[PDB]
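S.K.: Take a look and give me a structure for this.
(chains A, B, C, D, E, F, G, H and I, ligands or ions: 3)
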Amino acid sequence: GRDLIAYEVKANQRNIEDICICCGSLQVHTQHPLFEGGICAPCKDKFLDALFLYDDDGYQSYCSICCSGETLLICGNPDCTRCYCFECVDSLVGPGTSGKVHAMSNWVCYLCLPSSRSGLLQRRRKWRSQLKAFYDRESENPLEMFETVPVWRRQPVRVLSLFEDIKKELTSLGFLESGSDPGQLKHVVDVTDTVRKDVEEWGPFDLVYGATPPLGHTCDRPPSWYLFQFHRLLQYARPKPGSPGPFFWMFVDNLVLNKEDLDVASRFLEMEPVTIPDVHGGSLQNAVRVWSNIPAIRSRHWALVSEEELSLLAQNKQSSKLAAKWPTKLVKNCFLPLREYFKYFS
Amino acid sequence: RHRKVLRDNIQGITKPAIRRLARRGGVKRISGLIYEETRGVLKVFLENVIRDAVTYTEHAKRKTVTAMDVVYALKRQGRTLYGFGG
Amino acid sequence: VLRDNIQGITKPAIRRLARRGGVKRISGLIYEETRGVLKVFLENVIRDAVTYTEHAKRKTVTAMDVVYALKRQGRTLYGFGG
Amino acid sequence: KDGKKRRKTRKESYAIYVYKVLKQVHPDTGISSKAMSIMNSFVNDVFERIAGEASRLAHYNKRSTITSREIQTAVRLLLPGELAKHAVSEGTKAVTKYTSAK
Amino acid sequence: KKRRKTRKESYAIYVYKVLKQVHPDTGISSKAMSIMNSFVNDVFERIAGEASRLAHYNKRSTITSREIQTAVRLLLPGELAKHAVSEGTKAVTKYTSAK
Amino acid sequence: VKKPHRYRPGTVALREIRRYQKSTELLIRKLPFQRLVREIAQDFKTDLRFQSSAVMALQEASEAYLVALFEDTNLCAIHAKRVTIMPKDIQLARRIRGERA
Amino acid sequence: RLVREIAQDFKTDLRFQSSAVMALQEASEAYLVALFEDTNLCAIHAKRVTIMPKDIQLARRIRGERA
Amino acid sequence: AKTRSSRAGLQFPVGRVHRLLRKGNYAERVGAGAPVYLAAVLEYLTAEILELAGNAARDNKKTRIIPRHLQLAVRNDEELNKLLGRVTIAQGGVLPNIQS
Amino acid sequence: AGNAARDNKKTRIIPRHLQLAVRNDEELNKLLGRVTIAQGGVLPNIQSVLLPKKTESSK
Ligand SMILES: [Zn+2]
Ligand SMILES: [Zn+2]
Ligand SMILES: [Zn+2]
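M.R.: Residues are numbered from 1 along each chain as shown, chains lettered A, B, ... in the order given. Ligands and ions are numbered 1, 2, ... in the order given. The relevant structure is shown in the block below.
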């Protein structure tokens, strides 16, 4: 029943809030976070879970609006991460349009277009605060929620990379502009003599990234040092309390800190880590723990990944240390939800 | 286009199927975590054999996987199968 | 004299090979067992290695006959054939 | 009479020969087509094994001729135990019969 | 010495030049050189025998770069096969349209 | 009431072991195994097409492989003074075979 | 002397090369080290650390070499 | 017209083995005695398995050899099990062997 | 092998370096699984159950 929900509004003169736009159902628990309308309880529960879940293959593992698995299309403008199913587009705006949308990779999505009224879609003003209230009512966990940054009121990202360079990554990920060096990323190898005055002189920061050494133990400095300095300069770079400004952070560990240091890092960053496994080439390859406040980053950990297998991989990697590249590609993906917060360079 | 992506067919390998394959294997008592591990090992085995057989189909300039390409894919992996043409 | 060359494989030789294999502790019945298995592993090679020497109409078993007898059993050995 | 309706390439086999050998060792026992396909695949498999082993035995000695001696050494390598010790006697008896049948 | 004249071929003078292109100062022993020679002969006979089977399967009495391509896609595991097929295709395309 | 006859956990088990060792039919259901083969084939090539004999050959080879694997798994279970197979036994069997690669 | 005594049975009055006997010793020691690796895994699996002939028989029975 | 099969007292075709040696790109030349010797070896290896399969059929009170009879014929003999150790026979099952 | 030689402070590849080069890589170990390299040895890899517990009781 997907061609009926486009009939209940036009003919019966009913409120969009009184029909579940996901699976076509007539029962409505709450109001939909992104757009005006109602959502049945199972679809509501699953929709929240889908946002948390992170997929390597596409921006969204399951569909945004109705939470379907297949029929995934990509957003035209590369500065947007939204993905919708074919059945939502057909059901709401009209049949035979989903194919047209999927046919090009440069088709401007619903949020990038100047007018957000397509025919059966309504946008929300200052939606992120309402979205935080949505998480507050049922998500049972108040995950770190910074106001969303509009495209019209967008700022150049100011990046502070500590102990590890990400300019290649962010450039590949479209966070840093190539060809022009205004200096929107400062790589700082040594930070022992950094002071609040220095950070204030360096210009205000919006994203501060840090990461542990690669598996070949390049430097002879204890790995907790990277965490503790990352925390310090992080606190320095946080905006003045009582200011509507985004501040994101991410500390990444390639299994170089033991359980003692792991609990210490988890306590200071006030959350449990995120273990990410890499594509199996027969058994298991490598894995990485990540702390961050970036949306849909905590749910990235996969329950299948065991501790003992991880310990064995760590001890086979530490002692062998064949490859010694920082896994930039492993931690490259995790910034993908941040795309809607800063400007993208194609 | 006109091809629905088949999914969750690893659960088509049911619990009594792995039970009967353990009865033929001589196993008297099976633990509860056997079934996920057995699905995973059967999935990796089919990945290896179909990875060979689709490449045999690729070089033959066809779009149909034959029984002879399955026998070649298994005889390459040192598991010679009889009854389908060597 | 012509029977105790299987005991020419000594207890410290099997001790050193099991230390290389990462074995922490060895029981007293390992040494009778391994001398059996190694002996079988020589026969299955030498039965082949003499046979190539039969077909070449030679009397010397060369390194190439050993490399071919191991390659036949899926134990391809490197660094003895040019 | 009807003839040549559907042109199909005659796939060779060993089915009538395995049938002859089975009637020589068991004068009343039949065999299914599935087991006949298994025996056909067995004869193809062991043919490829002994021919490939004889090809390696020919290439190792820098000779470009496969005679009965290369097949004999391939049989002595591939067949374990008494199988080689009887198959070499059967093959040598057959070659002795074939050479002096004129 | 006219009766003492038998030159066995190898791959020493080539693996030495590939080593000097990869590591311009690292050397190699003669035992490791014989191991690299046996490795080149092993992988050569693997890809040649596999391509010969892949020609005989399709009733073709000719080996071209396509049989060697699918033999590399069968014998080499994982990304190693993809990089070897990329390098082989690039070298064949450079070879055909050269001087 | 002691009317409904119930067996021991070591009677019907051995009875079905003797039943399914003397049988030659396929034990995995044909259509879910066929859907699994098609799903695994969709990652390598799109728009494939299987002969029925090819799927039957895959099913014969996969069931024979799993029966041999459960025989080595049963030996690994008995060696640890147990009659219960566990994923440790399957991992040990595929480690000693040399299939952790 | 072990290789010569084992070779006495298949043919009388062999000759060996030094490289052939060294190749046999390289392959035989590598085979035994891999065998004691699987033997040690079989010993660890039975909650022990000491290897036993049961472990060597189990490793060779899972390798499919009991013939 | 006397065929080479009955000239050597064999049953397997000498000519078909001869042209399959010449077709398979094994060597440049193929000897005259080699297909005779190989047909004799294949005939002995066929006759032994058909003898054991006929004995397994007679034990099962059947006059047709099913693939279960070839399975029991190959797996019970230890030299044929060593020959076909890495070979799966379809429609075969396994041996009724229960651990003590 | 040049990386394994540079780790071992040597400017000449010995068969130990080829052994460590092939066996540490997973795709080369899959390629050369049933292959013995002469004068190689094995990987220095000790299991985590045969070591004595070098830990301290928290209580
Ligand atoms: Zn719904
Ligand atoms: Zn967009
Ligand atoms: Zn949707």
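
S.K.: measure residue B:19 to residue E:65 for me?
M.R.: 50 Å (CB to CB, to the nearest Å). Every C-beta, even on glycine, is put in place using the N, C-alpha and C of the backbone.

S.K.: Among the two, which residue is more densely surrounded?
M.R.: The neighbour comparison of residue B:19 against residue E:65 (other CB atoms under 10 Å in any protein chain shown) goes to residue B:19, with 16 against 13.

S.K.: Verify the stated contact: that one with residue B:32.
M.R.: No - counting by CB atoms under 8 Å, residue B:19 does not reach residue B:32; the two are 11.9 Å apart.

S.K.: Please enumerate the helices of chain I.
M.R.: Taking DSSP state H as the criterion, chain I carries its helices at I:2-7, I:15-24, I:26-31.

S.K.: can you list the residues that contact stretch F:15-29?
M.R.: If you take CB atoms under 8 Å, 6 or more residues apart in numbering or on different chains as the criterion, stretch F:15-29 is touched by B:12-14, B:17, B:20-21, B:23-24, B:26-28, F:59-60, F:62-63, H:66-68, H:71, H:91-98.

S.K.: if we go to 7 Å?
M.R.: Stretch F:15-29 has contacts (CB atoms under 7 Å, 6 or more residues apart in numbering or on different chains) with B:13, B:17, B:20-21, B:23-24, B:26, B:28, F:59, F:63, H:67-68, H:91-94, H:96, H:98.

S.K.: One more: stretch H:49-61?
M.R.: D:21-22, D:25-26, D:29, H:63-65, H:69-70, H:72-74, H:77, H:80.

S.K.: Which ones among these lie within helices?
M.R.: Judged by DSSP H, helices contain the following of these: D:21-22, D:25, H:69-70, H:72-74, H:80.

S.K.: what's the spacing between stretch A:140-147 and its chain's center?
M.R.: 13 Å (CA atoms, centre = their mean, to the nearest Å).

S.K.: Please apply the same query to stretch A:26-39.
M.R.: Between the centre of stretch A:26-39 and the centre of its chain there are 24 Å (CA atoms, centre = their mean).

S.K.: Alpha carbons of it, in CSV - could you do that?
M.R.: Presented in CSV, the C-alpha positions along stretch A:26-39 are these (Å, rounded to 0.1, in the frame of the first residue of the first chain):
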residue,chain,number,x,y,z
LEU,A,26,-2.3,3.9,9.0
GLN,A,27,-1.0,3.7,12.6
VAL,A,28,1.2,6.7,13.7
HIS,A,29,3.2,6.7,17.0
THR,A,30,5.2,10.0,16.7
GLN,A,31,6.1,12.7,14.1
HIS,A,32,8.9,12.0,11.5
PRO,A,33,12.2,13.8,12.3
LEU,A,34,13.3,15.1,8.9
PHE,A,35,9.9,15.9,7.3
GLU,A,36,6.3,16.5,8.4
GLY,A,37,4.3,13.3,8.9
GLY,A,38,3.8,10.3,11.2
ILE,A,39,5.8,7.0,11.7
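
S.K.: Now that stretch: buried residues?
M.R.: By neighbour count with 16 or more other CB atoms under 10 Å in any protein chain shown, stretch A:26-39 contains the buried residues A:28, A:32-35, A:37-39.

S.K.: which one of the residues you listed sits closest to residue A:149?
M.R.: Checking the buried residues of stretch A:26-39 against residue A:149 by CB to CB gives residue A:34 as the nearest, at 15.9 Å.

S.K.: returning to that earlier point: which two among the contacts of stretch H:49-61 are spaced furthest apart?
M.R.: Within those, H:63 and H:80 form the most distant pair, 22.5 Å apart (CB to CB).

S.K.: Can you pick out the residue with more neighbours from those two?
M.R.: Taking neighbours as other CB under 10 Å, residue H:63 and residue H:80 compare with residue H:80 leading, 21 against 13.

S.K.: Enumerate every residue touching the more buried one.
M.R.: Residue H:80 touches H:49, H:74, counting by CB under 7 Å, 6+ apart.

S.K.: Just confirm yes or no for the host helix or strand of residue B:53 near chain E.
M.R.: Per DSSP states H and E: residue B:53 is located in helix B:34-59. Yes - judged by CB under 7 Å from any CB of the partner chain, helix B:34-59 and chain E are in contact via B:52, B:55, B:58-59.

S.K.: Summarise which helices and strands the following helix or strand past that helix is packed against.
M.R.: The element immediately downstream of helix B:34-59 (helix or strand, assigned by DSSP H and E) is helix B:67-76. Applying 3 or more CB pairs under 7 Å, 6 or more residues apart in numbering or on different chains; DSSP states H and E, we find helix B:67-76 packed against helix B:34-59, strand B:80-82, helix F:52-79.
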